[PDB]
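Spelled out from the first residue to the last, the chains are:
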Amino acid sequence: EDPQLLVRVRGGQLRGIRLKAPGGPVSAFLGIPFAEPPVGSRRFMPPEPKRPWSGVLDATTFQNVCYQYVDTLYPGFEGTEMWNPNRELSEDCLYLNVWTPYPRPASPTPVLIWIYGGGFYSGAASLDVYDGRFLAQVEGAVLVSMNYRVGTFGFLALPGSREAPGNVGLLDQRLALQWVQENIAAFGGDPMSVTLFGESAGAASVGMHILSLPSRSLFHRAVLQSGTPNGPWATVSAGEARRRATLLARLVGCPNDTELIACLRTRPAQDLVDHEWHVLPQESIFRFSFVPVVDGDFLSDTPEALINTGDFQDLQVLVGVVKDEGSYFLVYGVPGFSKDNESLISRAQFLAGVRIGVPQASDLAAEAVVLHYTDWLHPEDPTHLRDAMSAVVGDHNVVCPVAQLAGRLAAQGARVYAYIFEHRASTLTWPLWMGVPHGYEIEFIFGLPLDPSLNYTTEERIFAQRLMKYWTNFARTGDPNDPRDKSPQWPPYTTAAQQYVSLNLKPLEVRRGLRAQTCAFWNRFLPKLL
Amino acid sequence: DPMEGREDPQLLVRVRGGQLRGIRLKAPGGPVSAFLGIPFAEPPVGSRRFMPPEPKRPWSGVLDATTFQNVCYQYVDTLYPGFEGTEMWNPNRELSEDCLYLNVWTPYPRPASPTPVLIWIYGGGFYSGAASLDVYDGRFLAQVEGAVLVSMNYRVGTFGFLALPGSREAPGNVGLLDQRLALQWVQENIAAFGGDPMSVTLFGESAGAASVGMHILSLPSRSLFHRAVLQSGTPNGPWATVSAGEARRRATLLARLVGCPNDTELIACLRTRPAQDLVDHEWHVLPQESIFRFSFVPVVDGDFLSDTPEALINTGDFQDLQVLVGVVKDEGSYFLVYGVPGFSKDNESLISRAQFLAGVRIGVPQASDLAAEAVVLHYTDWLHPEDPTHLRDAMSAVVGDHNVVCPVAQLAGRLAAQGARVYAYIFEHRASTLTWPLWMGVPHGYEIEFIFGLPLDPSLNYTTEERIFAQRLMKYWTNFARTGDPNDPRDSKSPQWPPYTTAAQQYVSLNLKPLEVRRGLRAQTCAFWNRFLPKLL
């Protein structure tokens, strides 16, 4: 009968579990329902608050992963499998997890809320790399992570209808935020200091909470790791969402919006998953069929309009990228790339790869990209063309949208801190040519190197500690710098000086201009070519 | 010649048109022979204006060949009166349409055996220039390297390049024809001076380099030389040529501006106008505000130039050609003070970014709004986009790259890809005696005085290192003339100057330090200019 694993929330009692972290125990409350299961008639619909329960709800184990495509490109390969579901799939998946220190915090404690990535078609809060025990134990943080619907279940939209209004995965996330506001105090959390953090689609999601007014009253700070609400992949127009929904409907035999949606609700989850990739316009890496939609409700306008016209005076933001944002996506559909070769390519392959990675570029824009990224001392060298292909995809999808976001935010009142993450995990099983790929900073932020049984180096586990206190310092104060502190200071990102830091084994290094020229090419010149 | 027996027997030479007597000049290391003001054409006056040159008909007696002749009629710069920086390029003899003369420097006494010949073609935008300028003095190359050096006058401005293509009274390119006639003169007569007609190297700067390039691309000229040096100029590029239609348009406009209304009619009327009237109006013809842009230049006539220089360098076979090409560090600087708002030789020419945009519009006047903004974005410093120094230097680079550096990079590339042995350089030393402001770096044309070896004259106040540098460059150039290779065949100790190739793109820096080999002649920027920007039209 451990009383600090017994907690009462607005819907009833829960029992958590005492977990062992390297430095001591933590309290974990796993699989807490925050919504009615979005099954049957609730499919495609906004989430409803979980109805109260009797007795003591067991909150000691992770719940089901939201129904989604499972990656099978490299079966049994750690590099891919580490991101695959580690619990069974279900549409009944709207649950969240809470990590707290053991015993529960003496005073109200800053809350970090993790929103996983996975292109809005995949992901889960139960993955090993999202383990909250280390941040909770070492930094005394309260950490919350929620599941949200992905793929069709989360983002299939027929805009204007009420059975499939779109953005319900974002609404799942928001409902979880509300749940934290109402209940986190019972766990020792401070509802008045809430920081959202996420990577990839999760970073984009965080951004969208920044740009959606009802969400704004549910947090105070934000961290966007390798993803943005603006850019080419995170959103679609209402018309295009309708088109894609209708196409998927016909691919599954369906058939008036009401009729079509009802027929879709009759379909088994796996039929929808089986067809969800056969709807997208062009051949494309870094591009997903069902994503947040500019609905004029959750998103009152396009993200770029909203970041261009928004007032972000009372917002603090931490943003950044890894060294090789594009590498990971080359092995997923660009001819000439694989995890097994060193993926050396010809310049014909490079041209074609540009056409793929940049599908809605005109012939002229595509050629502009090609010329801009060519090294004219070695325009035929296969290594240079490979790295260039990587840089094209990375810069276009992450680095330049991030640079633009940081610029707008800083220019319009926000306190911004920017980083580039440059350390390659010693335990990384992806080929060396992929450098520091997408998403491989996460394990360090969460403090996984603090676990001796994971075979990280010693420097990696000091590095991990550094990053944990950067992130938790930011949660606590809106500032990654240690308030009483020796390492160089991390200066705010501004439009004038454009300062950002390198995160690696060496001490903080301040640099200026986040790929300034290249991102001037992407954000200032290339738009003028349409 | 009643007095031959009492005169220097070492200065009497016979050429195809008769006898001439030169003069013994003193160079720092010893005497040289100079034969100045030799007519190679009939005076292109009266009814001969705008017409192809006619070979000089033979004369009786002994021609005095001891003094420089008249300078071809041209605009004289008076922007900075008494300023060395401009006056050193101004005419140093009186102006005349009777100006088709050439000059020959040789050792004294004249070489025992046949000696490789260097032929200088001056620059000046095809509107100015003269072979008699101090900076083109051949005495140093003749004395120190034992060279035979020839330099000719050619008609510039309207007199040289006004064209009504198709007509036979003004066919165009006659200034280039003047040059070619001089080349022929060399072929027939240079042996009388101890020169070798079978080893002739052309070299020139600016419009002179463009001229040399055009001789490479024109078949009749090809049998008149063997090697070429192009300093800071190319036959291709935006300024060196015009189309037949545009040349007709400009001639017609100038005609109308001077009170002249059938081609024959119009040309005759132009021939009745005084030379100065033509000079006074020649600048009032060109379309837009333009630095580095001239009204009367070589015309793509389908005759001298059988096609555009670009087409000809794209389809040409150059396998038995050796070429030496290069640029100075700051090709654009000199032209900023000549018509871009905000620039002067007296202030530091710091400019605003609005000024930068306007200046881009002026320096690249063909360019559409989109191309212009592409240029602006490409040259912007995104860490300090408002910094006036950076914007000034950027303006300079735009003009230099657009007009010289990238046309050169292209030429070198095409030539190397199509068989030619190419050697490439960038000249980086700023003359200690240079009177242009420091911000202009190493401006256009200030490598010339080093090539010709002027620092060997003690009375010119160059440093010692500058005199050694000068000697190095003279030896590079004359080695190239001699062998098609700037390298000294028996110097084991000094760094080698490697050929420029499309694979390695090697070139050297020329300065007080030993040869340094670099790779990629402004490769990314010139890819922008030569590969991307054309596609935006």
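Residues numbered from 1 in each chain as written, not as in the entry; some residues may be left out. Chains lettered and ligands numbered in written order. Heavy atoms only, no water.

Q: So what exactly am I meant to see when it comes to the state of the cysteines here?
A: The term disulfide refers to a covalent linkage connecting the sulfur atoms of a pair of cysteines. According to the stated counting rule, one finds 6 disulfides over all chains in the structure shown. Across a sulfur-sulfur distance of 2.1 Å, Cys400 of chain A and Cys519 of chain A are joined as a disulfide pair. An S-S torsion of about -85 degrees defines the bridge between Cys400 of chain A and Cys519 of chain A as left-handed. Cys519 of chain A matches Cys400 of chain A in its accessibility class, with the two residues each being buried. The disulfide partner of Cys406 of chain B is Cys526 of chain B, and the gap between their sulfur atoms is 2.1 Å. Here the S-S torsion is close to -85 degrees, and the disulfide linking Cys406 of chain B with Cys526 of chain B is therefore left-handed. Here the residue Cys406 of chain B occupies a position in helix α14 (residues 388–417), and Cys526 of chain B occupies one in helix α17 (residues 523–532), the gap between them amounting to 120 residues. (Disulfide = S-S within 2.5 Å. Buried < 20%, exposed > 50% of the residue type's maximum accessible area, 1.4 Å probe, protein only. Helix = DSSP H or I, 4+ residues; strand = E, 2+ residues; numbered from the N terminus.)

Q: Mind showing me how you'd approach the UniProt feature "active site" in chain B here?
A: Residue and element names in this part refer to chain B. The feature "active site", as given by UniProt, occupies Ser206, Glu331 and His444 in the numbering adopted here. Considering the arrangement of structural elements, one finds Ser206 in the loop between β11 (195–205) and α5 (207–216). Among all residues touching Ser206, those that are not within four sequence positions of it are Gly123, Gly124, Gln231, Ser232, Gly233, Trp239 and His444. (UniProt positions renumbered as here; feature names shortened; annotations may be inferred. Contact = heavy atoms within 4.5 Å.)

Q: Just checking my understanding: could you explain the UniProt feature "active site" in chain A for this structure?
A: Residues and elements named next belong to chain A. The feature "active site", as given by UniProt, occupies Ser200, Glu325 and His438 in the numbering adopted here. With respect to the secondary-structure elements, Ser200 resides in the loop between β11 (189–199) and α5 (201–210). The residues contacting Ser200, other than those within four sequence positions of it, are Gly117, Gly118, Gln225, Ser226, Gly227, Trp233 and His438. Looking at where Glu325 falls in the secondary structure, it is placed in the loop between β13 (316–322) and α11 (327–330). If we skip the residues at most four places from it in the chain, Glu325 touches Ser226, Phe286, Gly394, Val398, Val399 and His438. Within the structure, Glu325 has its side chain in polar contact with the side chain of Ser226 (distance 2.8 Å). (Polar contact = N/O pair within 3.5 Å; in protein donor to acceptor, adjacent residues only side chain to side chain.)

Q: Looking at this structure, how should I read the side chain of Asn90 of chain B?
A: With respect to the helices, strands and loops of the structure, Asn90 of chain B is situated in the loop between α1 (84–87) and β7 (95–96). Here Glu87 of chain B takes part through its side chain, which lies 2.9 Å from a polar atom of the side chain of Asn90 of chain B.

Q: Looking at this model, I keep getting lost on the packing of aromatic side chains. Mind explaining?
A: How two aromatic rings sit relative to each other is given by the distance of their centres and the angle of their planes. According to the stated counting rule, one finds 76 aromatic pairs over all chains in the structure shown. Between the aromatic rings of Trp120 of chain B and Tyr136 of chain B, the centroid separation amounts to 5.1 Å while the plane-to-plane angle is 45 degrees, which identifies the pairing as tilted. Of this pair, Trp120 of chain B sits in strand β9 (residues 115–121) while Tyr136 of chain B sits in the loop between β9 and α2 (139–145), and the two are 16 residues apart along the sequence. Overall, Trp120 of chain B belongs to the buried group, its relative accessible area being 1%. Under the relative-accessibility criterion, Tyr136 of chain B is labelled buried at 2%. On the numbers, 6.1 Å between centres and 45 degrees between planes, the contact of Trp185 of chain B with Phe193 of chain B is tilted. Overall, the relative accessible area of 0% leaves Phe193 of chain B in the buried class. Residue placement shows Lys339 of chain A over the ring face of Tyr74 of chain A; its charged tip is 5.3 Å from the ring centre. The side chain of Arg24 of chain B reaches across the aromatic face of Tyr108 of chain B, ending 5.4 Å from its centre. (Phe/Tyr/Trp six-rings, centres within 6.5 Å; stacked < 30°, edge-to-face > 60°. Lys NZ or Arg CZ within 6 Å of the ring centre and 35° of its normal.)

Q: Explain the pattern of salt bridges to me, please; I cannot follow it from the model alone.
A: A side chain of one charge can pair with a side chain of the opposite charge when the charged atoms of the two come close. All names here are of chain A. Applying the stated rule across the entire model yields 41 salt bridges over all chains. Taking the shortest distance from any N to any O, the salt bridge between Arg515 and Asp395 comes out at 2.3 Å. The partly exposed category is assigned to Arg515, whose relative accessible area is 33%. By relative accessible area, which is 2% here, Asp395 ends up buried. Linking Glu509 and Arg511 is a salt bridge whose minimum nitrogen-to-oxygen distance equals 3.1 Å. Residue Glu509 is classed as partly exposed on the basis of its relative accessible area, which comes to 37%. Residue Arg511 is classed as partly exposed on the basis of its relative accessible area, which comes to 21%. (Salt bridge = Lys/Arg side-chain N within 4 Å of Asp/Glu carboxyl O.)

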